[PDB]
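Colleague: Chains as they are written, first to last, in the working numbering: chain A, 17 to 55; chain B, 22 to 101; chain C, 143 to 883; chain D, 210 to 430; chain E, 57 to 130; chain F, 1414 to 1573; chain G, 2 to 79.
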Ligand code: CLA
Ligand code: CLA
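1. Pull out every residue of the region 238 to 256 of chain C whose Cβ sits closer than 7 angstroms to any Cβ of chain A, in chain order.
2. Give a yes or no on whether the minimum CB-CB distance between residue 352 (chain D) and chain B is below 7 angstroms.
3. Rounded to whole angstroms, what's the CA-CA distance from residue 641 (chain C) to residue 799 (chain C)? Just pull it up for me.
4. Just reading off the alpha helix (DSSP H) that residue 563 (chain C) is part of, what are its end residues?
5. Check the Cβ-Cβ distances between residue 70 (chain G) and every residue of chain C, and say whether any is below 7 angstroms.
6. If you measure between the beta carbons of residue 68 (chain B) and residue 45 (chain B), is that distance less than 7 angstroms?
7. For a contact meaning CB atoms closer than 8 angstroms, what does residue 163 (chain C) contact in chain A?
8. Between residue 187 (chain C) and residue 166 (chain C), what straight-line distance do the alpha-carbon atoms span, to the nearest angstrom?
9. Closer than 8 angstroms between beta carbons: that is the criterion. Which residues of the region 1497 to 1514 of chain F meet it against chain D?
10. Does residue 364 (chain D) have its Cβ less than 7 angstroms from a Cβ in chain F?
11. Quick one: list the residues of chain C neighbouring residue 73 (chain B), beta-carbon separation under 8 angstroms, in chain order.
12. Got a list of residues with beta-carbon closer than 5 angstroms to any non-hydrogen atom of ligand 2, in chain order?
13. DSSP state of residue 1418 (chain F), grouped into three classes?
14. Residues in the region 40 to 67 of chain B with C-beta within 9 angstroms of chain D's C-beta atoms, listed in sequence order?
15. To which residues of the same chain is residue 305 (chain D) closer than 7 angstroms at the C-beta, ignoring the five residues directly before and after it?
16. What residue range does the alpha helix (DSSP H) around residue 95 (chain B) cover?
17. Pick from C:772, C:653, C:685, C:676: whose alpha carbon is nearest that of residue 594 (chain C)?
18. Using DSSP with H/G/I as helix, E/B as strand and the rest coil, what is residue 39 (chain B)?
19. Quick one: residues in its chain with C-beta nearer than 7 angstroms to the C-beta of residue 174 (chain C), no 5 flanking neighbours on either side, listed in chain order?
20. Taking only beta carbons into account, state which residues of the region 369 to 396 of chain D come closer than 9 angstroms to chain B, listed in chain order.
21. Taking a contact to mean a Cβ-Cβ separation below 7 angstroms, would you say residue 401 (chain C) touches residue 4 (chain G) in this structure?
22. Using a Cβ distance threshold of 8 angstroms, determine whether the region 484 to 500 of chain C contacts the region 534 to 546 of chain C, with at least three qualifying pairs required.
23. Helix, strand or coil, according to DSSP, for residue 47 (chain B) in the structure here?
24. Could you please tell me which residues of the region 376 to 397 of chain C, in chain order, have their CB closer than 8 angstroms to any CB of chain G?
25. Say the cut is 6 angstroms; is the CB of residue 416 (chain D) nearer than that to a heavy atom of ligand 1?
26. In this structure, does DSSP put residue 153 (chain C) in helix, strand or coil?
27. With 16 as the cutoff for other CB atoms within 10 Å, does residue 232 (chain D) come out buried or exposed?
28. Quick one: is residue 166 (chain C) near chain A, going by C-beta distance under 7 angstroms?
29. Is the shortest distance between the beta-carbon of residue 190 (chain C) and the beta-carbons of chain G less than 7 angstroms?
30. On the DSSP letters alone, give me the boundaries of the alpha helix (DSSP H) that residue 368 (chain D) sits inside.
31. Please state the DSSP three-state secondary structure of residue 261 (chain C).
32. Are the beta-carbon atoms belonging to residue 518 (chain C) and residue 503 (chain C) less than 7 angstroms from one another?
33. Any heavy atom of ligand 1 closer than 6 angstroms to the Cβ of residue 603 (chain C)?
34. Under 7 angstroms Cβ-Cβ, which residues of chain D neighbour residue 1455 (chain F)?
35. Counting only C-beta atoms, is residue 90 (chain B) closer than 7 angstroms to chain C at any point?
36. Strictly by DSSP, which residues pair up with residue 317 (chain C)?
This is the structure in structure tokens:
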């Protein structure tokens, strides 16, 4: 019960958010690379 | 010599006098406060200007206020 | 006297304090009213003395945190062994170690960073590592990647064991205060049981594993027909066919017939001509000798049985006329203060790491270590930087000892009291020797710049010009070159080819040459002494003037880490013991940067290079240290401008990450000066302007945004300065030496 | 495309230098942390470590922190002018047109490439006519780096150092005959901000004037 | 010189009974100053002077290696 | 036995170490031209200037722009004369500002009262001028008259 | 160059015993607390030291004996 409060702290959630955002961007630039502009 | 000026927004908490390292400040009786006392700076020629009194003041803006002026051998705090 | 006594379950293991940050400090527990709370959460997270006043709880926290740090280090080591096992060309490198570069990290191809996978040989693409793990595993007798995988698994198991021990020694069975005060038992078990038994076990490994596998490797046997190290023990016939004194048993050890062990316990001294490393017989004999010496030294101190010393009567008996009372009070200082122990241990570990750096370049312990110039340059630079950081941290913790753990009642007329009593005479003469060294080490360079600029090459401080030959170091070099056979009659060669002899060369490249010292070496060694002395001056001035001065006499009540006392007395800015560490970080940057620049130029110009078939050595730069390392323009032109041609032309190649890191370190160095030059009261007013714009759109944060504090502003500035400079020098060094080496 | 990005760097430099300058001009009379900033005047050191820390709060901080931004902006635009005009005057304009879009082209094809004849103004093999410009280059580096001493290290360290030096003078024989009329103290806080600023500035102009003149005089000379 | 300076310091100044101890002074002067010194000169003679008279260089390096007689100390 | 004592007054910021004030440094500092008991100014300055002018014809004679040239000893003499003149101007303006009584330490419990006045420091400066010129010229004459004098070959082979 | 190590004559054992006795004499003259020890029969024969003191003297005699045996083997004695 006290663990979920620690996971709800600012550094843990900002790390989870940044890893999720970086993973989404990396998985996008793997499957759809080299997008300098919208065609 | 520096100018230590005490204004009328003083609660008489005596924190400036206990924070002062060169006995510049003291407490005088005062009818305009709940604590019945206000700070005064008689021997302000001994003030170095460290502003420890300004650090310890609990007013929103400080009732005790140090103005750095002419520099003497005591304002510089020189052992030589 | 020395017994095991613990408290059972002193701290319960619950997650309720995980969700309550700032629990360790009373001031941090009121809640984050301002953003200074967030930085105070990290600044005081490990300062266990400010958390609790009981030394037993502090020592328990320290003992349990050491296990977590060891678990982190073991996770790191297991990760390195796993990268050697899975993502490396170590099996390819063992077949051809003279034409295949060591690589242990592949780069994922999601963006154009697939170019960062360098072509290193054997059909493997990856980053050319310079850590020297490959040469370390070759010296350890590791022949296949499964032995690295097993070591990685063992590192994970040991890291989990250390984590469990850290939980156990804080939440299940935590030792008392007097379990820490008996440093006699601790030091006996660290000398004999940790250093002695560790070096004895490594001596046994080097006898049974490293020596036969490495002798078969140097004899020309491919590693996948080389037998595994356990049939060398299980079948002693294969172990005794080479080095044939294993035919006789262990009885010559016990009858003191040690001489027949001379085939595999040698004192050859020099480098292996086949590999360029030290003889592994010399290393095994060395580890056995220092194991016996450390085990003997671990029986010095009285623990439980009457025999031994108590480390107090040794201190009590050491007293003279110039001191009087002596070392009385120092045992209580070192057994009641953790900061004095950290200041001693961190200084000795820093100087030890610097010794490691200065020794592994001249006497390379590993096969094909001196051949790969990148590994040697990287380990030298890395260990200099680590050692200097530890020395500055020692100055820091001496300053923390002086205001937080020093007691004047226990220290009357001893050594520490008298150092405090003549600190003005200490610091003023250190200031004079710093000024003298600065003038007569840097004004020589300024004079040489001036006379080379004014067309006066005969008025300079050069070998052709007015000479400044380091006659004492040359005499010591002559003593070491003639040491084998005269003062060390049972050494086949000298300890290193540095002091004399011939060019040790492996393949086509030079392992080591003699390093002749001239006017440039004299002048740069005096700059080394100067920069070391100024770092000593700032750190020691922070130590001695930590409690009081003529400026601020009541400075111990302000603490170790405070910004200033005010604008009075002219302005008492950066008076604290912390700010002397802050300035000493800049000066260790300057010192160690000049050290690694001297190394990277002297070895490239006068040691490293290729061997022509005629016999002459063609160096990397061409021996320009003799004439260009005497001028600042020569250091700028022939070293910084000339050798950074590789790091700036690295784009579109396999070393372009080094050019990226070069520019990134330049960015972080420039970014540091915003924090270093400016002050808090600018940024507080700027944040006040931003707060109103947030208030206009209902964007007021609950935690009020404050500017970083003055000490935190200095800390951020110095951390960015060191990071940006060190990353820059790392990138420059590695991209230069991965192109010319 | 190499002119778009440098123009936005220039716009960043003017806007930020304007931000320090407007910020210190409009907060000169006072603000939330320091209401009575007009009583101490234009140029004062601080208002103590109280109220969270009050370093660089005088309206002189605007000038002091905007000299750096003005020098950085003028460095950006003069590097722009010099590299574009070197591409024009050499006749190879493609170097700027392909390498100014990224900063390593700036760092390599403009700084490293055009410092070559500069730093070879004096070498072990002789002396050129640009030896005074190489000497000014190194002189500007020395003064610019000496400014870092006044800007990073602050006053009370030096006051504590000068106290030991004063003790050493007054306690040594044969030099305690020579007594100062005025007591040697460290440079004050605003004075040392100004001295480090002047060193930064003088080193900045000296080393860029040396690099500029030698870079475009070793080619077109 | 350092011994003479040391024996003027009050910690190491000998008492009057030590100076008038004739029995110990005679014992250490006949056994040690006259006997041990003559024995040491015999050691130098049989170790250095006699072999150097016979062409055998000894020095401080070889006196633990060059045995003065073919039947040494047996 | 505390060999490092105070000077008799512990709260004064100095220590009576062996180097500072024991037996051999109280003499030979009290017996130097400065702090000697019987000398007047223009005699202290004469002795000090003679020693200084003699020693300063060592890094100008063999260390200069002309040290490979036969004009080198003469240029070193002229440079020593110029430095002695600059130092005399410094002494003269230091006296002309106004001098106080010199600092009394543990090594020198008695300082010269004659150097505590502006007139005494003018005599000291004049004696320093005459002594410096005499010492520089004497060192020039000694170095020049044998024309080789192989003691000068030592510390010029070092300072090649 | 081997140091002529002299593989186990009886003079090696005699020298080891003699230097053990030398360690006994040195420890009986110079130790501070030799009476510490749990128990041993015949304290009169062992000079009134405990068992850890006995181990310390025997170990010091082994260090001294090893040093003198290797030194006098390298010189050529024994
Ligand atoms: C290039 C940059 C630079 C320079 C010149 C200095 C200069 C100095 N530093 Mg340093 N320092 C710097 C940057 C610099 N620092 C920065 C970045 C910081 C880090 C925050 C500091 C912080 C710092 C601290 C913390 C300390 C110093 C100290 C010192 C002094 C060392 C003594 C010495 O070498 O005297 C010799 C002087 C030089 C080598 C400078 C070159 C001068 C040449 C050789 C002589 C030319 C003079 C010329 C002939 C005069 C005639 C010209 C005429 C027209 C006037 C010296 C004055 C230490 C100190 O003062 O104690 C001794 C000390 O405590 N430094
Ligand atoms: C065994 C220990 C020992 C020894 C070696 C010494 C040694 C000495 N003691 Mg000493 N003494 C000792 C213990 C010892 N004493 C004891 C325990 C006591 C205390 C009771 C004294 C109390 C004591 C006193 C009170 C005095 C001495 C003095 C001296 C010195 C005598 C003068 C001298 O140097 O003549 C050395 C002379 C010879 C070796 C030769 C003597 C004449 C020979 C036999 C005649 C033949 C010479 C022969 C042909 C060789 C020729 C030489 C060659 C060129 C051919 C000498 C250094 C004196 C002193 O202070 O000196 C510093 C003194 O004042 N001692």
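Cβ atoms here follow ideal geometry from the backbone N, Cα and C, with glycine treated the same way.
Modeller: The short version:
1. Answer in chain order: 252, 253.
2. It does not; no Cβ of chain B falls within 7 angstroms.
3. For residue 641 (chain C) and residue 799 (chain C), the distance between alpha carbons rounds to 38 angstroms.
4. Where residue 563 (chain C) is concerned, the enclosing alpha helix (DSSP H) starts and stops at 557 to 563.
5. The beta carbon of residue 70 (chain G) falls within 7 angstroms of a beta carbon belonging to chain C, placing the residue at that interface.
6. In this structure, residue 45 (chain B) lies closer than 7 angstroms to residue 68 (chain B) by Cβ.
7. Neighbours of residue 163 (chain C) on chain A, chain order: 25.
8. Taking the straight line joining both Cα atoms gives about 7 angstroms.
9. Taking 8 angstroms as the Cβ-Cβ cut-off against chain D, the residues of the region 1497 to 1514 of chain F that qualify are 1507, 1510, 1511, 1512, 1513.
10. Not one chain F Cβ lies under 7 angstroms of residue 364 (chain D).
11. Ordered by position in chain C, the residues that pass the 8 angstroms Cβ test against residue 73 (chain B) are 707, 708.
12. Having a Cβ closer than 5 angstroms to some heavy atom of ligand 2 are E:77, E:80, E:81, E:84, E:88, E:89.
13. Correct three-state label for residue 1418 (chain F): strand.
14. Cβ contacts with chain D: none found.
15. Within its own chain, the residues whose Cβ lies closer than 7 angstroms to the Cβ of residue 305 (chain D), once the five positions on either side in sequence are excluded, are 211, 292, 293, 296, listed in chain order.
16. Careful: residue 95 (chain B) lies outside any alpha helix (DSSP H) and carries neither H nor E.
17. Of the listed residues, the one whose Cα sits closest to residue 594 (chain C) is C:772.
18. The answer is helix: DSSP assigns residue 39 (chain B) an H, G or I state.
19. Result list for residue 174 (chain C): 180, 845, in chain order.
20. Only 372, 375, 376, 379, 392, 393, 394 from the region 369 to 396 of chain D bring a Cβ to less than 9 angstroms from some Cβ of chain B.
21. Yes, Cβ-Cβ distance for residue 401 (chain C) and residue 4 (chain G) is below 7 angstroms.
22. With a cut-off of 8 angstroms on Cβ pairs, the region 484 to 500 of chain C is in contact with the region 534 to 546 of chain C, counting three or more such pairs.
23. Of the three classes helix, strand and coil, the one that applies to residue 47 (chain B) here is strand, per DSSP.
24. For the region 376 to 397 of chain C, which is checked against every Cβ of chain G, the residues closer than 8 angstroms are 394, 397.
25. Not one heavy atom of ligand 1 is found less than 6 angstroms from the C-beta of residue 416 (chain D).
26. If DSSP states are grouped into helix, strand and coil, residue 153 (chain C) belongs with coil.
27. With 16 or more other Cβ atoms within 10 Å, it is buried.
28. Not an interface residue.
29. Chain G, which has no Cβ nearer than 7 angstroms to the Cβ of residue 190 (chain C), makes this no.
30. Secondary structure note for residue 368 (chain D): its alpha helix (DSSP H) is the uninterrupted segment 364 to 380.
31. In the structure shown, residue 261 (chain C) sits in a strand (DSSP, three-state: E or B).
32. At the C-beta level, residue 518 (chain C) and residue 503 (chain C) come within 7 angstroms of one another.
33. No, ligand 1 has no heavy atom inside 6 angstroms of this Cβ.
34. At a beta-carbon threshold of 7 angstroms, none of the residues of chain D lie near residue 1455 (chain F); the nearest stands roughly 16 angstroms away.
35. No, no contact with chain C.
36. Paired residues: C:148.
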